[PDB]
Amino acid sequence: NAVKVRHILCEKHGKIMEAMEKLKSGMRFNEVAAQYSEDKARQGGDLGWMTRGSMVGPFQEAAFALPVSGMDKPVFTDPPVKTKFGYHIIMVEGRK
């Protein structure tokens with residue numbers, strides 16, 4: 001009853017389009033994550049399985065509500081999510 005979410009958190013600058021293109025696939029996930037890793041102490045990039053999920057509202061709600069049909073949704077939440085605390089790119093490797 002949990003999901004696997006791996007994302008990188010960075011401040012909002014307007015490069016959302018530059019982050020997804022630079023992220024391309026899991027090939028540069030570490031490259032963009034390390035450069036966009038502004039929450040290493042609070043987060044390690046991946047939270048693993050989450051049965052409930054309680055971090056904000058839209059970020060989690062979507063994590064547990066991610067649709068199963070999507071051309072680029074079975075990997076990264078495209079487009080990514082934009083919030084007042086910066087933008088976030090989540091990668092789902094497991095689903096409830």
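With ideal geometry, Cβ positions are generated from the backbone for all residues, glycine too; neighbour counts draw on all protein chains shown. Coordinate-derived values only; no laboratory data.
Using the crude model of +1 on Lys and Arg Cβ and -1 on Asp and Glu Cβ, and no other charge, please compute the dipole size for the range 4-83 relative to its Cα centre, in debye to 20.
Charge dipole, the range 4-83, about its Cα centre: 120 debye, nearest 20.
Mind sorting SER37, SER69, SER25 by how few other Cβ atoms lie within 10 Å of their own Cβ, fewest first?
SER69, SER25, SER37
How do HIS13, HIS88 rank when sorted from fewest to most other Cβ atoms within 10 Å of their own Cβ?
Ordered by Cβ neighbours within 10 Å, fewest first: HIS13, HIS88.
Report the dimensions of the chain along its three principal axes from the alpha-carbon atoms, largest first, rounded to Å.
That works out to 33, 31, 22 Å along the principal axes.
Using 7 Å Cα-to-Cβ label points, what is the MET71/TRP49 separation (nm, one decimal)?
3.4
Using DSSP to define loop residues, name the GluC sites (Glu not before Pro) in the range 1-82 whose beta-carbon has at most 15 other beta-carbon atoms within 10 Å.
Here the GluC sites (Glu not before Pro) that fit, given the DSSP loop and packing criteria, are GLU11, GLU38.
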